[PDB]
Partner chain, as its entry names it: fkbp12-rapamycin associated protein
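One chain follows as structure tokens, the form deposited without its partner chain.
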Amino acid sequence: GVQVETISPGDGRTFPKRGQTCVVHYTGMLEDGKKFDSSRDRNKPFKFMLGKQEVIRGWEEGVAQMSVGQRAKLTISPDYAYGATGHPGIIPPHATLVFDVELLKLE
């Protein structure tokens, strides 16, 4: 599944709804700490619409539990991420992924 561990609290009131665009900053790592990507390195938040099926299930389920302003670590099991396929060249098969995600804004 997806485990959400808070790094910094959000407002505890404004939670993303299906159809809303979440603007997030993230660092994705494997369990050993190995960073595979970060929007913080790009200095450009990543946007996705909740419910559009355009990010992995662990993000849909994990970011919907976060309130605006919250920074959290999302540990996502393979079946909530890329399962057996992995992602060609970047994520191996059956990889648990760890994301540091900051929910910046909802548009």
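Numbering follows the first chain given and starts at 1.
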Q: Going by the average Cα B-factor in the PDB entry, point out whether 26 to 34 or 52 to 60 comes out higher.
A: 52 to 60
**Q.** Stretch exceeding the other in mean C-alpha B-factor - 83 to 91, 13 to 21
**A.** 83 to 91
(Q) Can you tell me whether residue 5 has a C-alpha B-factor in the lowest, middle or highest third compared with the other modelled residues of the same chain? (A) middle
Q: Place residue 70 in the lowest, middle or highest third of its chain's C-alpha B-factors, as listed in the PDB entry.
A: lowest
Q | Ranked C-alpha temperature factor of residue 47 among modelled chain residues, by third | A | lowest
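A second form of this protein, the form solved in complex with its partner chain, is not displayed here; the remarks below concern that form.
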Q. What residues of 68 to 107, in sequence order, lie within 4.5 Å of its partner chain in the deposited bound form by heavy atom?
A. 82, 85, 86, 87, 88, 89, 90
